[PDB]
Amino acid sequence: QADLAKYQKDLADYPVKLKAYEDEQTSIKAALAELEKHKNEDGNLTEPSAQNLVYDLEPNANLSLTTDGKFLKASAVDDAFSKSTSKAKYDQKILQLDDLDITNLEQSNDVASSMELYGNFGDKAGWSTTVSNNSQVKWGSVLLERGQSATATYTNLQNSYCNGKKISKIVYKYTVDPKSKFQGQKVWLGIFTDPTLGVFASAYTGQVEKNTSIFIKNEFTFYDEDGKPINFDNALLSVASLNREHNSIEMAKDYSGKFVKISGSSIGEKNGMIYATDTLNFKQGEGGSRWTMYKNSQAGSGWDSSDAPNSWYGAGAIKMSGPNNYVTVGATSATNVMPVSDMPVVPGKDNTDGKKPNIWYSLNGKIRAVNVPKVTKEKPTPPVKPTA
């Protein structure tokens, strides 16, 4: 049919595609050869590896959402943000997600028929958030009980590829782990339209909680332009911003694939859990922490930043394969993880202090090790000429 003109163009373009593929392969192999000489230096993967999951930022993605919980009205999200422990920041045109008291989301009058978006856009453009400051973020919100879930279909992806195949759709299921130890009965899930931004999960009702935890199970499958699942092939899933304070541990567990250590990172694997195993990582000098997670006077501080060079201090990876992968990410009181005997002691700070049962987390391909070569080009197949 008219297939022969697309064959002509594909054939004219095949040598360029092939040379690009071979050049990138050459560069990747040279980069890995060099990285083998620094694999035990700070910020490097201990086992050198390329990244074939190019998946760092999708700010223009469109989000669709199903749930067996309740959708929340954007009105209700706004109202809850305007009250209780968040109200202060709300009055300074700041959306403080970790201060949101979800008690004001639990009325039945707050429930919507479909997902509605909220964030620092629209009539709140120019506000900033705790997620990306004044960069614009939008999220749909659901209210879940233990065991209930929300399924997010992200489309309109523009920058993400898997071993050179374009990722056109991501279907992600967030489930509230029933073994979570939060004192409340509901969880607010703010699912960002950008899938690389992950989710904010909160059972916070305005007071801190001892021996508490919130854990979200994540099951995801990636799809190409044909709606065909993409089988991961030693893809590197970035698990980053695993903060550990003196009284709180952010961790991942129950995951497919193999933990991948970043050399010099506080994050390691112990008893099937990925977290800061031996030191804190909140403030320099406290509990063996090398750097401060927020920015201040000290050099190397502010590592809990997406663009921070020493981001890797709070990050690790998971080597994954297959089309369906999963991992549970959450926050838990230190006492749930280990006895107080085993804990680092920080002068003036009680390890038994309560913590807010909330967490912001994301799972993407933005691996935090340095000089990780990306696999962006697929080996092209020769075009076939159509039959007349």
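Numbering starts at 1 and follows the sequence shown.
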query: Stretch with the greater mean C-alpha B-factor as recorded in the entry, comparing 215-223 against 110-118; finding: 110-118
query: Of 320-328 and 342-350, the stretch whose C-alpha atoms average the higher B-factor in the entry; finding: 342-350
query: Given 173, 89, 179, 186, the residue at which the Cα B factor reaches its maximum; finding: 186
query: Member of 53, 65, 31, 61 with the greatest C-alpha B factor (per the PDB record); finding: 31
query: Within-chain third of residue 249 by Cα B-factor, per the entry; finding: middle
query: Chain thirds of CA B-factor: placement of residue 337; finding: lowest
query: CA B-factor ranking of residue 79, expressed as a third of its chain; finding: middle
query: Third of the chain, ranked by Cα B-factor, where residue 363 sits; finding: lowest
query: Chain third (lowest, middle, highest) by recorded CA B-factor, residue given as residue 258; finding: middle
